[PDB]
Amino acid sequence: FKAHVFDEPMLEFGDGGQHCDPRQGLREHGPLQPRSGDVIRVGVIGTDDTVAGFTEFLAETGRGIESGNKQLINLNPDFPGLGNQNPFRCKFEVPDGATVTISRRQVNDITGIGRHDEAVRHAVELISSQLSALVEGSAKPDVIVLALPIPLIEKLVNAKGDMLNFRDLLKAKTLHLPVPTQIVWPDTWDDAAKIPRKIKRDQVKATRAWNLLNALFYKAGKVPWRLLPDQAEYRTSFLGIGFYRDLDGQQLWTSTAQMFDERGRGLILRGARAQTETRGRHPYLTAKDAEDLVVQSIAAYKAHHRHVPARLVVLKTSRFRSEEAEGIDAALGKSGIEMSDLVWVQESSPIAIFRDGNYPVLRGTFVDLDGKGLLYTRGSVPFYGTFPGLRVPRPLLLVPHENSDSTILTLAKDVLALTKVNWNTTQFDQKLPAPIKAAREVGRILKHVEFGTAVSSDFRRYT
């Protein structure tokens, strides 16, 4: 078995500037294509207190924030502020008229509801109404921050499909709105409601600033950087195909596609109901429905892009059924896209290698296991001077289908690059390539949208 160690994938920033790191790259070069007077209007929903808190946090961010760990300065950088060293080259301002409060009485009405599902539906009802109003009115926000007070986050979010997820239901009920929402804890400003809370929740402030502003920038529709391609002519598109299961009806599974470009922008499609192998498990598409989904996805891509891709790579976390490979082949053939690849990305392989020492293997370590490719998307990171995690990383196993045009070395480098498309943080060592990571996020939302109802393809609404 032959091993490689891939270079950290390079990103491209303003004026053709390159860097491996989003944060250093933005400070050196700015974002990919700024325009003079760029401004992101930020609407806010909160209480009197949390709205004031957000104002102060934005002002503090604008001045700049010192690193809280100078011994690892690349992983924990200073936030350079929003003045003459603004790395986004973009203002972030809450316009007057674009803030909506939640009253004390409304907080108490939600927390006072004893049944969890009742409380969640009441909260979603109220907030989705407030969002619709803010979008419908004259304030014209590009993105909205929802800063709920801590006792309301404690009611709505469990600590660590029986029960409603507040965030997933809210996103579903607001999926028709064009202005995305960022839901935050009002003390530290990191993301709330995406994962369970810690019962004893109790520096990294500059990192929190970087991350929130990067999230708002993506949600406003601006692009901080692109994956640097091998050829400036050879555009590649990356299509993930996923499935989610409905809780109501017959609990049928529905296919989804997550179609990404090299600028990290995603298009979300819902396709046909899936078939299942055994007792309602192991979802898969028939040849006809796999063809239809890939045709739908290619169509959406073409509608949103100038150039047709020279290569399309299809990623799925379960093996390609012969019928899926058949239908994908049929859609590709008819598309006239020149090159195409199908890769099964195993997220739970038991296979691993172990160097001798306390640090794990480098990120970008790849082992070709006779037509299977073991890839460490997490591991020791030279740029950061550490392994940023604690538990040992477990690699991906990539299994290219025989129908693929590219080598397993090319496809592994593509997967590693796709891990840098990241709407959640500015730290680049993420485990999953964006199209696969997108599947689970979009599935949790779309199970709350009735099958057959049209859904927006704009991925920002799902983040």
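Residue numbers run from 1 along the displayed sequence.
Enquirer: In the deposited sequence, how many residues between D202 and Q203 have no modelled coordinates (none, 1 to 3, 4 to 9, 10 or more)?
Expert: Going from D202 to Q203, the model skips 4 to 9 residues of the deposited sequence.
Enquirer: With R279 and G280 adjacent in the shown sequence, let me know how many deposited residues between them lack coordinates: none, 1 to 3, 4 to 9, or 10 or more.
Expert: Nothing is missing between them.
Enquirer: Read off the CA B-factors in the entry, average them over 147-155 and over 191-199, and name the higher stretch.
Expert: The stretch with the larger average C-alpha B-factor is 191-199.
Enquirer: Could you check the entry and say whether 91-99 or 229-237 has the higher mean CA B-factor?
Expert: On average, C-alpha B-factors are higher across 229-237.
Enquirer: With respect to the C-alpha temperature factors reported in the PDB entry, which of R378, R273, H305, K219 ranks highest?
Expert: Out of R378, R273, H305, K219, the record gives the largest C-alpha B-factor to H305.
Enquirer: From the list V120, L82, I268, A133, select the residue with the highest C-alpha B factor recorded in the entry.
Expert: The listed residue with the largest C-alpha B-factor is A133.
Enquirer: Ranked by Cα temperature factor within the chain, is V392 in the lowest third, the middle third or the highest third?
Expert: Middle third - that is where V392 ends up once the chain's C-alpha B-factors are sorted.
Enquirer: Pull the Cα B-factor of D38 out of the PDB entry and bin it into the chain's lowest, middle or highest third.
Expert: Ranked within chain, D38 CA B lands in the highest tercile.
Enquirer: Using only modelled residues of the chain, where does the Cα B factor of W344 rank: lowest third, middle third or highest third?
Expert: For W344, whose C-alpha B-factor we compare with every modelled residue in the chain, the answer is the lowest third.
Enquirer: By the recorded C-alpha temperature factor, relative to the other modelled residues in its chain, which third is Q24 in?
Expert: Ranked within chain, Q24 CA B lands in the lowest tercile.
Enquirer: If you rank every modelled residue in this chain by C-alpha B factor, which third holds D414: lowest, middle or highest?
Expert: As the PDB entry reports it, the C-alpha B-factor of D414 lands in the lowest third of its chain.
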